[PDB]
Amino acid sequence: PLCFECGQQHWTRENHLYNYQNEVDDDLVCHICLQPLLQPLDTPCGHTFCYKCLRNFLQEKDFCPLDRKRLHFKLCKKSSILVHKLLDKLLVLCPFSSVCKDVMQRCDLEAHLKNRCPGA
Amino acid sequence: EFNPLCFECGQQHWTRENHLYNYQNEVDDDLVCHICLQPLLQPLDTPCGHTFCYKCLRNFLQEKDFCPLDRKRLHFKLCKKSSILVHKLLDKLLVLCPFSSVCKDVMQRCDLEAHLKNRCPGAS
Ligand SMILES: [Zn+2]
Ligand SMILES: [Zn+2]
Ligand SMILES: [Zn+2]
Ligand SMILES: [Zn+2]
Ligand SMILES: [Zn+2]
Ligand SMILES: [Zn+2]
Ligand SMILES: [Zn+2]
Ligand SMILES: [Zn+2]
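Residue numbers (the authors' numbering), protein chains in the order written: chain A, 2 to 121; chain B, -1 to 122.
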């Protein structure tokens, strides 16, 4: 029942999971989940969180945790092209370490699993 | 005392021009301004999702009407300051002190101003 895009187990409401080769810069790491950002949203207060993390968080809380400012999900916007580019190229290891020792950009893992990986 | 060096970056430039830095390492091309071809300073985001230096874009839009990457209509007033995270990534780029004859310190870009003010033997 593994995710077909990332090769790991998770709910739809939760992020894909990755095993990153290197230590990712803290500023690309989501404050909520403490993993590198996925589908980043910018807040009006200038902070950035995962779509899924922020959607889930705003069901329970109504303030940005970094600045305590009021936060509405509908006012959050997709982060810039630049930010998405930096996140896409982050290096990950294939989760099927039993057979596969491939290392690739995060945005490329899905195609590897769907088309090429014998472990998937 | 006449036409002195910038107090904040230690290099010679006019106020309408960007600060200047000597980068220690290759900077990721995604953090480089397409207009000036240096690492972004005071990044602004366009409605088309692109990012340029505040001073480069303002100068560019004086006689131009569009985004240099995609030629979509572009107005300076519709541009916005880039996210905190983009600023934070840029701040940590390593630079060399410009006063290379007397000082060999390497530091994060955001720290150069404080270095010149509080530490450098080469500043005035
Ligand atoms: Zn997944
Ligand atoms: Zn997150
Ligand atoms: Zn905030
Ligand atoms: Zn594989
Ligand atoms: Zn300067
Ligand atoms: Zn520029
Ligand atoms: Zn554009
Ligand atoms: Zn110095």
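Every residue gets a Cβ at the ideal spot worked out from N, C-alpha and C, and that includes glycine.
Check                                                                                                                   : Outcome
Minimum Cβ-Cβ distance from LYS53(A) to chain B less than 8 Å                                                           : no
Separation of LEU29(B) from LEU87(B), as counted between CA atoms                                                       : 9 Å
By C-beta, the residues closer than 7 Å to any heavy atom of ligand 1, given in chain order                             : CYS4(A), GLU6(A), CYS7(A), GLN9(A), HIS11(A), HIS17(A), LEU18(A)
Three CB pairs or more closer than 8 Å across the stretch 14 to 34 of chain A and the stretch 51 to 68 of chain A       : yes
Cβ pair residue 127(B), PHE74(B) closer than 8 Å                                                                        : No information on residue 127(B) is available, as it lies outside the stretch -1 to 122 that chain B covers here.
Between the CA atoms of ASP26(A) and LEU42(B) - distance to the nearest angstrom                                        : 22 Å
Cβ-heavy atom distance, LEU42(A) to ligand 3, below 7 Å                                                                 : no
Burial state of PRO119(A) (16 or more Cβ within 10 Å)                                                                   : exposed
Counterpart residues of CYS51(A) in DSSP-defined beta bridges                                                           : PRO41(A)
As assigned by DSSP and simplified to three states, the class of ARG71(B)                                               : strand
Cβ distance (whole Å) where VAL104(B) is taken to contact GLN22(B) below 8 Å                                            : 6 Å
Distance cut 6 Å, beta-carbon to ligand 4 heavy atom: residue list by chain order                                       : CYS95(A), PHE97(A), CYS101(A), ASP103(A), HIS113(A), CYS118(A), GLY120(A)
Completely contained alpha helix (DSSP H) runs for the stretch 9 to 33 of chain B, where each covers 4 or more residues : none
Within-8 Å CB hit, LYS75(A) to chain B                                                                                  : no
Residue-level contact to chain B via CB, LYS70(A), 8 Å cutoff                                                           : no
Residue of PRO45(B), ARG117(B), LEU91(B), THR13(B) minimising C-alpha distance to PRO66(B)                              : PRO45(B)
Short CB-CB distance (under 8 Å) between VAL30(B) and chain A                                                           : no
Contact with chain A by residue 136(B), beta-carbon distance below 8 Å                                                  : Chain B is shown from -1 up to 122; residue 136(B) falls before or after that span and cannot be answered.
Between the CA atoms of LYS90(B) and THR49(B) - distance to the nearest angstrom                                        : 18 Å
Within the stretch 83 to 108 of chain B, ranges of the beta strand (DSSP E) (whole runs, at least 3 residues)           : 92 to 94, 104 to 106
Where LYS115(A) meets chain B, residues with beta-carbon distance less than 9 Å                                         : Within chain B, no residue comes near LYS115(A); the closest Cβ sits about 26 Å away, beyond 9 Å.
Same chain, Cβ closer than 8 Å to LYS102(B), five either side skipped, listed in chain order                            : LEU94, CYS95
Three CB pairs or more closer than 8 Å across the stretch 76 to 84 of chain A and the stretch 105 to 117 of chain A     : no
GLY47(A): contacting residues in chain B (beta-carbon distance under 7 Å)                                               : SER81, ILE82
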